[PDB]
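> Right, I'll just put the structure down here and ask away after.
Here the Cβ is made from the backbone with ideal geometry for all residues, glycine too, and neighbour counts use every protein chain on show. Values quoted throughout were computed directly from the atomic coordinates according to the rules given, and no laboratory measurement underlies them.
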Amino acid sequence: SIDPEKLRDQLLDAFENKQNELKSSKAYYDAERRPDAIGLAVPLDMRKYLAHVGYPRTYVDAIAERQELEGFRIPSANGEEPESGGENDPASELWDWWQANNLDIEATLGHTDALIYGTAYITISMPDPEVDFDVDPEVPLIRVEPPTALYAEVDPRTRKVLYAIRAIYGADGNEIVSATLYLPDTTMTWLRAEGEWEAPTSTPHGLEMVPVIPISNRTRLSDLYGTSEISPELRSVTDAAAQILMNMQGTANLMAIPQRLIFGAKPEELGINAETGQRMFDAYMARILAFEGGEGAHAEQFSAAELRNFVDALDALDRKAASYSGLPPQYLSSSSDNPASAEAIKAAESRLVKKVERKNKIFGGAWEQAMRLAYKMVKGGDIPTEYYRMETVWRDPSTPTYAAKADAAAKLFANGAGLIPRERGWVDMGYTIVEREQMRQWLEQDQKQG
Amino acid sequence: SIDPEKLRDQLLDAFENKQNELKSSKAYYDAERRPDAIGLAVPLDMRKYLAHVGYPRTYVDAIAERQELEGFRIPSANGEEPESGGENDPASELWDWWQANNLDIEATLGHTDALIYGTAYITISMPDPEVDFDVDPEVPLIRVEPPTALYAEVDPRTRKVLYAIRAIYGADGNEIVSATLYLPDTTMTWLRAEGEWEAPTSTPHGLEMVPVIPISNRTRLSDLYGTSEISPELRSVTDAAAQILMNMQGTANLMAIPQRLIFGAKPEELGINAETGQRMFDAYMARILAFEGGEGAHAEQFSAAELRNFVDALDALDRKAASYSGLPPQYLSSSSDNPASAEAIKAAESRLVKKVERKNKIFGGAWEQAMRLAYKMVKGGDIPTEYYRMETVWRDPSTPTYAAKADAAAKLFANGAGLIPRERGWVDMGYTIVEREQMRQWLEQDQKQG
Amino acid sequence: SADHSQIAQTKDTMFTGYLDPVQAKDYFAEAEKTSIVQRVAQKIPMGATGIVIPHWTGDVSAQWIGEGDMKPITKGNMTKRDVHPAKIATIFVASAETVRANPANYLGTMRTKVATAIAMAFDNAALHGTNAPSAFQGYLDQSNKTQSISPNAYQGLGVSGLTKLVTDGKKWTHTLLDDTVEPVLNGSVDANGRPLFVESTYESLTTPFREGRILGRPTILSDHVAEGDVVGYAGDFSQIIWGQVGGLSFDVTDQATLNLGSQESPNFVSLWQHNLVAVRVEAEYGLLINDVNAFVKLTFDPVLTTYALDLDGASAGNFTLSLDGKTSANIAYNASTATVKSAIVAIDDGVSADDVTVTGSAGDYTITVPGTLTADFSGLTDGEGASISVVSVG
């Protein structure tokens, strides 16, 4: 056995400790003040006029913009296909829960925070009909949580979760107001703040494994607990650009114009006010200042600093931030030109869209578990062994180019005489599974007249 | 022969020793602090503001990003095997195991560790019904382990593995919380810590060989044990660029602007405060500073450093990194021309695409041998000798220039009157073996009408 | 800090030229040591809080009885021993630039070298008591039994050595031999000059050196068993038990502070302040020997055995001493060194006034004698902690 009370505190420790690491990563996407960003040449009273830099915001958005599911695809149990079987099939069951939970919205936020902090967690839980009444009580509730609110310990010998804690703060963020512990056979919640606990609301569940799945961003088998997408490579150029921008901004307040000197001419002879050390000048156009001079008196000036000198460094540093992140060059305004042909886009895009496709591959492994868990909760017993072989189906991450896809697809289909069957032409034009299932009805309504 | 409880310690020493070698390559894929990266000109207090350089990670991703297995090929004396769903062609049984294990996910990670460190290990076992909750219990558990978690002694006479150990560190990375030792005929594991906290579980297996296969990055036969993809030339240009980028950043913090000077007026003649060596100049625009300059004074300034003088050295290092890695110039320089046409994209990708196809050729032999070994472990009998002729099939590494491929495939098929049979048109479009069976069904369901 | 620190491994003179392409593999390396104790003693499981071992001690009895003669009453009795694990530890420290480069494979080497050092410290503490921690319940050298072996190994082991064990009712189960003893297992001839322990044509190792059996008993060879005149051990290694609480627990830090002095004379350094990296290593071991007199110390040629006798401040009575099988006349609790020497030669034994030697006063009597010495305190009327032990060789 393990004591739930000791375990509640043990996991509150590991969680509330681990928040200190991930605070460093958030500071790049929220553009919080980092000490290292602050440009050293700026005078000390002026150091408060910070320059913030947006490469990490741009990069995590440019990926999370491009991820969505078209649906789920599951092996044929027996016979040729499930595909024309419609609302009775197992693929449309899993898509029904996805729509009913609005995971089409909040999975996009879960993907985003998995790229910020390196992990997010999917919780599966049948709804309690006594709370949160905006739900279908026939459908398992699925909730995605950030690592700022859910924490889970993976056993490294397997890769399963051992136990996990979800804890939620008061509106000012100063105090935990409720905590929930998930265990392999039960879930428990304590309903008030840590100095003021009360006996837990507790439920069994039949899954015999913890009903939480870690979505984790990873690049290697070696990244065993996931990794922030905002790499140290990209942090360094984010902070370097801030140091340049502050030093250039200070220069524009202090040196972008010449400083004018006069030597040899005595302050009393200039008539300078002896108490204040200064004299007024009208200085409108074509006034000539006539001086008594003598003693070798003359005027000379310190030059301006060229702000171009700093700009040459920023142009070079953008060319670094592009190549490190793998964004297209137009995203960082640095290209010699726009694209000018249908595939000249695909060239510039190709470095990003292959990355987005691997994020789809790696998060597919989370959702294809989340739906096995949700099935086993709703139905009980063994999962139909086809489900171990499902694949999630994702939007093609590149920009849509419908007019260039069109004259290709029609040349392959050739009014039914052609190389490909009709429905592969629909897949090729990029129509989503959920859309082809309505479009096959419209085809029958048309073929009714011919 | 050796007593296994003696052999595990002998292996754990060799495994512990190995970590310090492979940690060298790790420090380029993560941009860790490398002492050779630190630019020498910046003073000893500014040395903390490390630059990091992204070429090695850009390269090792840009290879692994392109790789994907699409299925298996097995010949027979029948001249063809019918496509026939999930088992009747033996290649479809192998692909069924390739999805019941998520090897479509774990391979695209595993190749990244196999490029970084130079090796990764494919492990085969029958699943444990007491522990493996989330697998079909009748398929073989085939899984990839990085060289940070598995070590195998390979005999130089034969290139067979003699024995291998898989050792898992705890959540803090310190203690070895379990070890699994694979012998030619037996698998053994100690489950709580170093065999200190448990006696070993064991299982015999029906093989002559240790059930572990090395994926190895071999450039030439003389890489007898495989080698890191982060080549000495890429390490060289990476560290060279890191020094020049730091010296430029330090220049912008100290010397991107003139330093102004006056001579011929003692501090007392300026009204400088004696305790602090300064006076508060009235810094606003268009003042004129008046001095007595009583020695016969003059004004001078040291020049700013030209930051362009670092920048057009960094140009040459990016152009070196392009030539050494063979990445398309557009991966590293925004000033290189974006290719305007599909032919120009085949030109620019060619240097990379060929090298990806080498990694496909060389890693294919590892997966191919892993499947033959899985077949003996599941079915117990000798392998049908056709499996020795089996080969892998992989994604076309090049970007999908669909509108150019469609007009070409349409011209060759010419509505059945043309050169090619229908099936060759489907492979020339790059449709997977998995999609080809959907093509079969959707064509029959169209030819049912005509 | 300066190069060639005695503490910090910092790109030092020791690594001279490591960067060059011509530095070879070491061709003159040696095998790392492995503990004999961990091969021969049974490994009992234990946690950090240690264990208690129960032992029976009731001399339970029954009596021959007549018709209607009423039956006698008896009861059993029991005791227990505590065992606790000791802890052994070290830290080794390198400059960040050292650990980034790992010249001469220093860290990978050093991890094995501290592992051998921990193992050898445990072995030495179990055999010889050198630096043994207070938690270890005795050590193998404390045995009051010794035996010469060089003249003929079979006679030394199987006859004389065994006699000293079975006369005290102990079994014989193994021999531990230092591999320096090979020239004595060679030779050991019959009267015709053939060696006892090898084949007619002398092709192959004398069978004990094959890890064979001397008579019935397995033998364990090692290259680090001998200290002083003691060259090996014979006995029942079932009487010794040990345990380990966890693995060699290597971890690494670089933010910590270390002290290079003592706590009373400290010399603190932050590892971050000068950019070091440090690896800390620790382990815990328990060790119990049920009876240290159950073993016989094999020794190369005839030698005296030396003892310390403590009277625990006893204020009155008489004791007695026994050497091998023989027993002295009664001895007063406060007798002089010349007095107790005279009581030893009066034992009726082959010992003589030129062999026996003594030093002490009213207590703490050190004595050296060519045999197994032991004491009877039955007539001592005070100081029940009074005791005798082997103290050192020489």
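> Given the conditions (1) in contact with a strand residue (DSSP E or B) (Cβ under 7 Å, 6 or more places away or on another chain); (2) under 18 Å from A:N101 (Cβ atoms), and given that A:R372 satisfies all but one, which numbered condition is not satisfied?
All conditions are met except number (1).
> Moving on. Would you say C:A115 is of a type in the set (G, A, S) and within 19 Å of B:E21 (Cβ to Cβ)?
Spelling it out, C:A115 is indeed of a type in the set (G, A, S) and within 19 Å of B:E21 (Cβ to Cβ).
> State all residues of segment B:433-447 that are within 8 Å of chain A (Cβ to nearest Cβ) and of a type in the set (S, T, N, Q); if no residue qualifies, say none.
B:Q438, B:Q441, B:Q445
> Considering only residues that are crowded, with 19+ Cβ neighbours inside 10 Å, β-branched (V, I, T) and within 37 Å of the chain's Cα centre (by Cα), which ones fall in segment C:89-107?
Matches in segment C:89-107: C:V93 only.
> (1) among the aromatic types (F, W, Y); (2) free of Cβ contacts under 8 Å to residues at least 60 places away in the same chain; (3) at the interface with chain B (Cβ under 7 Å from one of its Cβ atoms): which one isn't true of A:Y284, the others all being true?
Every listed condition holds for A:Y284 apart from (3).
> A further question on this structure: Of all residues in segment A:48-66 being in a loop (DSSP other than H, G, I, E, B) and either touching a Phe, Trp or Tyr at 6+ places or on another chain (Cβ under 7 Å) or free of Cβ contacts under 8 Å to residues at least 12 places away in the same chain (or both), which is farthest from A:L352 (Cα to Cα)?
Narrowing segment A:48-66 to residues in a loop (DSSP other than H, G, I, E, B): A:48-54, A:65-66.
Subset that is either touching a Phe, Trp or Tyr at 6+ places or on another chain (Cβ under 7 Å) or free of Cβ contacts under 8 Å to residues at least 12 places away in the same chain (or both): A:48, A:65.
Values: A:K48: 36, A:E65: 12 Å.
Only one residue fits best here, namely A:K48.
> Just the residues that are under 24 Å from the mean Cα position of the chain (by Cα), facing chain B (nearest Cβ under 7 Å) and among the small types (G, A, S), please, taken from segment A:327-346.
Listed by number, the list holds a single entry, A:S334.
> Testing B:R351 on (1) closer than 30 Å to B:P140 by Cβ; (2) touching a residue at least 24 places away in the same chain (Cβ under 8 Å); (3) assigned to a helix (DSSP H, G or I); (4) more than 14 Å from chain A (Cβ to nearest Cβ), one condition comes back false. Which one is that?
(1)
> From the set of residues in segment B:314-330 that are without any contact (Cβ under 8 Å) to a residue 60 or more places away in the chain and in a loop (DSSP other than H, G, I, E, B), which is nearest to B:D239 (Cα to Cα)?
B:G326
> Answer yes or no: is there a residue in segment B:201-209 that is touching a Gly at 6+ places or on another chain (Cβ under 6 Å), touching a residue at least 24 places away in the same chain (Cβ under 8 Å) and away from every other protein chain (no Cβ under 12 Å).
yes
> Here's another thing I want to ask about it. Going by what's in this entry, would A:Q369 be described as closer than 30 Å to B:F133 by Cα, within 10 Å of chain B (Cβ to nearest Cβ), surrounded by fewer than 19 Cβ atoms within 10 Å (Cβ to Cβ) and not small (G, A, S)?
Against the criterion (closer than 30 Å to B:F133 by Cα, within 10 Å of chain B (Cβ to nearest Cβ), surrounded by fewer than 19 Cβ atoms within 10 Å (Cβ to Cβ) and not small (G, A, S)), A:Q369 qualifies.
> If you check B:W190 against the conditions, is it crowded, with 19+ Cβ neighbours inside 10 Å, under 30 Å from A:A14 (Cβ atoms) and not polar (S, T, N, Q)? It would help to see each step written out before you state the result.
Working: crowded, with 19+ Cβ neighbours inside 10 Å: yes; under 30 Å from A:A14 (Cβ atoms): yes; not polar (S, T, N, Q): yes.
Yes.
> Kindly evaluate A:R440 against the criterion of being in contact (Cβ under 8 Å) with a residue 24 or more places away in the chain, among the basic types (K, R) and over 18 Å from B:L443 (Cβ atoms). Give the steps one after another, and end with the answer.
On the way: in contact (Cβ under 8 Å) with a residue 24 or more places away in the chain: yes; among the basic types (K, R): yes; over 18 Å from B:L443 (Cβ atoms): no.
For A:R440, the condition - in contact (Cβ under 8 Å) with a residue 24 or more places away in the chain, among the basic types (K, R) and over 18 Å from B:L443 (Cβ atoms) - is not met.
> Another one. What's the total number of residues in segment A:67-105 that are touching a residue at least 12 places away in the same chain (Cβ under 8 Å), surrounded by fewer than 18 Cβ atoms within 10 Å (Cβ to Cβ) and of a type in the set (A, V, I, L, M)?
2
So that you can scan it fast, the table gives a plain yes or no per residue for (1) under 16 Å from the mean Cα position of the chain (by Cα); (2) among the aliphatic types (A, V, I, L, M); (3) surrounded by fewer than 16 Cβ atoms within 10 Å (Cβ to Cβ); (4) not in a strand (DSSP E or B):
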{"position": "B:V210", "(1), (2), (3), (4)": "no, yes, no, yes"}
{"position": "B:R235", "(1), (2), (3), (4)": "yes, no, no, yes"}
{"position": "B:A240", "(1), (2), (3), (4)": "no, yes, no, yes"}
{"position": "B:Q243", "(1), (2), (3), (4)": "no, no, no, yes"}
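> Sort out which residues of segment A:14-48 are touching a helix residue (DSSP H, G or I) at 6+ places or on another chain (Cβ under 7 Å) and of a type in the set (S, T, Y), and write them in order of number.
Of everything in segment A:14-48, those that are touching a helix residue (DSSP H, G or I) at 6+ places or on another chain (Cβ under 7 Å) and of a type in the set (S, T, Y) turn out to be A:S25, A:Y28, A:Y29.
> Right, something else. Does C:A94 fit the bill of being under 30 Å from C:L165 (Cβ atoms), among the small types (G, A, S) and either in contact (Cβ under 8 Å) with a residue 40 or more places away in the chain or not in a loop (DSSP other than H, G, I, E, B) (or both)? I'd like the intermediate steps shown before the answer.
On the way: under 30 Å from C:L165 (Cβ atoms): no; among the small types (G, A, S): yes; either in contact (Cβ under 8 Å) with a residue 40 or more places away in the chain or not in a loop (DSSP other than H, G, I, E, B) (or both): yes.
No; evaluated as a whole, the condition is false for this residue.
> Quick test for you: out of B:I288, B:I257, B:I262, pick the one residue that is surrounded by 12 or more Cβ atoms within 10 Å (Cβ to Cβ), within 30 Å of A:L289 (Cβ to Cβ) and touching a helix residue (DSSP H, G or I) at 6+ places or on another chain (Cβ under 7 Å).
B:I257
> Please find, within segment A:135-163, the residue that is farthest from B:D132 (Cα to Cα) out of those that are within 14 Å of chain B (Cβ to nearest Cβ) and of a type in the set (A, V, I, L, M, F, W, C).
Taking segment A:135-163 and keeping what is within 14 Å of chain B (Cβ to nearest Cβ), we get A:151-163.
If we keep only those that are of a type in the set (A, V, I, L, M, F, W, C) too, we end up with A:152, A:154, A:161-162.
On the way: A:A152: 19, A:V154: 15, A:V161: 13, A:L162: 14 Å.
The extreme case among them is A:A152.
> Moving on. Restricting attention to segment B:104-134, and to residues there that are outside any loop (DSSP other than H, G, I, E, B), among the aliphatic types (A, V, I, L, M) and within 11 Å of chain A (Cβ to nearest Cβ), which single residue is nearest to B:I165 (Cα to Cα)? Quick ask: steps written out before the conclusion?
In the first step, residues of segment B:104-134 are kept if they are outside any loop (DSSP other than H, G, I, E, B); the result is B:104-116, B:119-125.
Pick out the ones that are also among the aliphatic types (A, V, I, L, M) and you get B:105, B:107, B:109, B:114-116, B:120, B:122, B:124.
Those still in the list that are within 11 Å of chain A (Cβ to nearest Cβ) too: B:105, B:107, B:109, B:114-116, B:120.
Values: B:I105: 24, B:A107: 20, B:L109: 21, B:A114: 18, B:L115: 21, B:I116: 20, B:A120: 13 Å.
That would be B:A120.
> Let me ask you something else. Residues of segment C:109-124 being in contact with a helix residue (DSSP H, G or I) (Cβ under 9 Å, 6 or more places away or on another chain) and surrounded by fewer than 18 Cβ atoms within 10 Å (Cβ to Cβ), which ones?
C:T109, C:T112 - these are the residues of segment C:109-124 that are in contact with a helix residue (DSSP H, G or I) (Cβ under 9 Å, 6 or more places away or on another chain) and surrounded by fewer than 18 Cβ atoms within 10 Å (Cβ to Cβ).
> Can you confirm whether segment C:231-242 contains a residue that is surrounded by 20 or more Cβ atoms within 10 Å (Cβ to Cβ) and either assigned to a loop (DSSP other than H, G, I, E, B) or basic (K, R) (or both)?
Checking segment C:231-242: not a single residue is surrounded by 20 or more Cβ atoms within 10 Å (Cβ to Cβ) and either assigned to a loop (DSSP other than H, G, I, E, B) or basic (K, R) (or both).
> Restricting attention to segment B:176-187, and to residues there that are in contact with a strand residue (DSSP E or B) (Cβ under 7 Å, 6 or more places away or on another chain) and not in a strand (DSSP E or B), which single residue is surrounded by the fewest Cβ atoms within 10 Å (Cβ to Cβ)?
Ranking the qualifying residues of segment B:176-187, first place goes to B:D185.
> Something else: Is it fair to say B:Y375 is away from chain A (no Cβ under 14 Å), surrounded by fewer than 19 Cβ atoms within 10 Å (Cβ to Cβ), in contact with a helix residue (DSSP H, G or I) (Cβ under 7 Å, 6 or more places away or on another chain) and under 30 Å from A:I74 (Cβ atoms)?
No; evaluated as a whole, the condition is false for this residue.
> Next question. From the list B:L50, B:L44, exactly one residue is loosely packed, with under 15 Cβ neighbours inside 10 Å and out of contact with any strand residue (DSSP E or B) (no Cβ under 9 Å at 6 or more places or on another chain). Which is it?
On the way: B:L50 fails: loosely packed, with under 15 Cβ neighbours inside 10 Å.
Being loosely packed, with under 15 Cβ neighbours inside 10 Å and out of contact with any strand residue (DSSP E or B) (no Cβ under 9 Å at 6 or more places or on another chain) holds for just one of B:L50, B:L44, which is B:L44.
> Looking at segment B:255-267 only, could you name the residues that are assigned to a helix (DSSP H, G or I) and either farther than 30 Å from B:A297 by Cβ or within 7 Å of chain A (Cβ to nearest Cβ) (or both)?
Scanning segment B:255-267 gives no hits.
> State which residue is nearest to the chain's Cα centre (by Cα) when the search covers only segment B:287-304 and only residues that are more than 8 Å from chain A (Cβ to nearest Cβ) and part of a loop (DSSP other than H, G, I, E, B). Give the steps one after another, and end with the answer.
We begin by selecting, within segment B:287-304, every residue more than 8 Å from chain A (Cβ to nearest Cβ); these are B:294-295, B:300, B:302-303.
Next, only the ones that are part of a loop (DSSP other than H, G, I, E, B) stay: B:294-295, B:303.
On the way: B:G294: 70, B:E295: 69, B:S303: 46 Å.
Ranking the qualifying residues of segment B:287-304, first place goes to B:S303.
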